[PDB]
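**Student:**
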Amino acid sequence: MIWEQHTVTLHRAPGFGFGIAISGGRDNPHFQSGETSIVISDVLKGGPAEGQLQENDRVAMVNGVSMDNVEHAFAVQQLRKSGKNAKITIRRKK
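The sequence shown begins at 17 in the entry's author numbering and counts up by one.
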């Protein structure tokens with residue numbers, strides 16, 4: 017089995033944010049298995065991330081900051097604090 021890794025720079029659209037929601041984290045595992053990966057849980061239809069990220073995608077980094085085994089509030093924190101641009105590294109189970 018194989019994962020696929022690439023980076024995207026999401027361009028903020030005021031009123032819409034970066035157009036993604038995330039679940040997962042040290043304290044809020046998305047997975048039955050107990051895996052703590054921060055997970056792309058939704059992409060706003062036609063939003064800043066449409067056609068670039070997908071649901072159940074896994075987040076490794078946000079703005080050069082590793083999302084390895086972090087608390088959920090910490091990942092959100094990194095998105096919120098971005099500028100006009102949020103660089104996001106992902107891993108896809110495809």
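Ideal Cβ placement from N, Cα and C applies to all residues, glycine included.
(1) Could you pull the start and end residues of the beta strand (DSSP E) that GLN21 belongs to?
(2) Between the region 63–70 and the region 42–55, do three or more beta carbon pairs fall short of 8 Å?
(3) Compare the Cα-Cα distances from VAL86 to each of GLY63, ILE38 and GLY99 and report the closest residue.
(4) Comparing C-alpha positions only, which one of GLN94, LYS110, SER98 and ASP84 sits nearest to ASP43?
(5) Determine which residues share a DSSP beta bridge with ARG107 and list them.
(6) At the level of alpha carbons, what is the spacing between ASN101 and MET17?
(7) If we ignore side chains and look at the alpha-carbon of each, how far apart do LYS109 and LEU26 end up?
(8) Which term fits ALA91, buried or exposed, when burial requires 16 or more other beta carbons within 10 angstroms of its beta carbon?
**Tutor:** Quick look at the numbers:
(1) Start and end: 20–27.
(2) When Cβ pairs closer than 8 Å are counted between the two stretches, the region 63–70 is seen not to touch the region 42–55, the count staying below three.
(3) Nearest of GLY63, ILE38 and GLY99 to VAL86, Cα basis: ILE38.
(4) Among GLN94, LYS110, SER98 and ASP84, the Cα nearest to that of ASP43 belongs to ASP84.
(5) Bridge partners of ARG107: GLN21 and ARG74.
(6) Here the alpha carbons of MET17 and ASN101 stand approximately 32 Å from one another.
(7) Rounded to whole angstroms, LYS109 to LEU26 spans 21 Å at the Cα level.
(8) Counting Cβ neighbours within 10 Å, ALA91 comes out buried, since at least 16 surround it.
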